[PDB]
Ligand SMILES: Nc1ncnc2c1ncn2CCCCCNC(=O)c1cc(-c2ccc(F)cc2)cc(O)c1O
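Next comes just one chain, in structure tokens: the form solved without this ligand.
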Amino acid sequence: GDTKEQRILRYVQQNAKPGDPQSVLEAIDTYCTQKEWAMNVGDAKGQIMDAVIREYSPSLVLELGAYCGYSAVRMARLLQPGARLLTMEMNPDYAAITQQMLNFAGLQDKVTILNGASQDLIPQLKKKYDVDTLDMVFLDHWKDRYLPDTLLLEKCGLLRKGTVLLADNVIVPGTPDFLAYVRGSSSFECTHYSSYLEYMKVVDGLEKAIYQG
């Protein structure tokens, strides 16, 4: 335990109930808040993520970007039996911590972690990972990857009419390249979400882009 992601997991093991996803989600939040890393992700990012999942009930979700596994736990706990979450992460440390988090949550059954580059794995999804089309895409942590990844998922025919793309940390004026694309193009129907919590400043911003075929 030297890295931040290692400390998050250390804090989870020492405080969260093993096999209880909510206890885990709460432990990550409590720790990230006291150490002033992420203010209140559980109600900022979390509630938006939950609402999107309950609204669309996706059978196949692809997460592009992972750090400590919060998003993976938050998403997996709401999936239906038969539903699966494919998480792609380039960093082997972030990919490892995420696996351990899911393992601790008792959700590894519902998640498949793919350690490698999005640019290389996305074109392999159809044959190598038995994927026809994605019902949902979750874009996380790496803002400069949102646009090329979206463009790639389109090139690869992984999106269909109704595919939901949910991008995190899409806060004004950051990540404008991706925004100009989805908002601009008649191929996406967009909804922005700005979580303020009890404060007057955007704690978290999220873009929901529904593909129209």
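Definition used throughout: the rigid core is the maximal C-alpha set that superposes within 1.5 Å between two forms. Shifts are known only where both forms have a C-alpha. Counting begins at 1, following the sequence as shown.
Of the two stretches examined, 139 to 147 and 104 to 112, the record assigns the greater average C-alpha temperature factor to 139 to 147. For the pair 2 to 10 and 204 to 212, the mean B factor over Cα atoms is greater in 2 to 10. Remark: residue 29 belongs to the middle third of its chain, ranked by C-alpha B-factor as recorded. Sort the chain's modelled residues by C-alpha temperature factor and residue 125 lands in the highest third, per the entry.
Per-chain ranking of the deposited C-alpha B factor places residue 119 in the highest third. Ranked by C-alpha B-factor against the other modelled residues of its chain, residue 87 falls in the middle third. Per the deposited record, the Cα B-factor of residue 71 falls in the lowest third when ranked against the other modelled residues of its chain.
Another form exists, solved in complex with this ligand; not displayed. Remarks below refer to it.
For this ligand, fitted onto this chain by superposing the C-alphas round its site in the deposited complex, the count of atoms within 2.4 Å of backbone or C-beta atoms is 3 or more, giving a blocked pocket. This ligand is not shown here, but in the deposited complex it comes within 4.5 Å of a heavy atom of residue 172. Using a 4.5 angstroms limit between non-hydrogen atoms, residue 197 touches this ligand in the deposited complex. When contacts are judged by a 4.5 Å heavy atom cut-off, residue 39 counts as touching this ligand in the deposited complex. In the deposited complex, at least one heavy atom of residue 143 sits within 4.5 Å of a heavy atom of this ligand. Shown here without this ligand, the chain has no residue in 14 to 33 lying with a heavy atom within 4.5 Å of that partner in the deposited complex. For the residues 39, 151, 51, 180, superposed on the rigid core between the shown form and the other one, a C-alpha shift of 2 angstroms or more shows up only at 39. When two forms of a protein are overlaid on their rigid core, residues whose CA moves 2 Å or more are considered shifted, and residue 25 is not one of them between the shown form and the other one. After superposition on the rigid core, the Cα atom of residue 197 is displaced by 2 Å or more between the shown form and the other one. Panel note: the distance between the CA atoms of residue 198 and residue 205 is smaller in the deposited complex than in this form, the difference being 3 Å or more.
Pairwise change in the deposited complex: residue 197 and residue 147 C-alpha atoms lie closer than in the shown form, at least 3 Å. Once the two forms are aligned on their core, the segments of at least three consecutive shared residues with Cα displacements of 2 Å or more between the shown form and the other one fall at 38 to 43, 172 to 174, 196 to 204.
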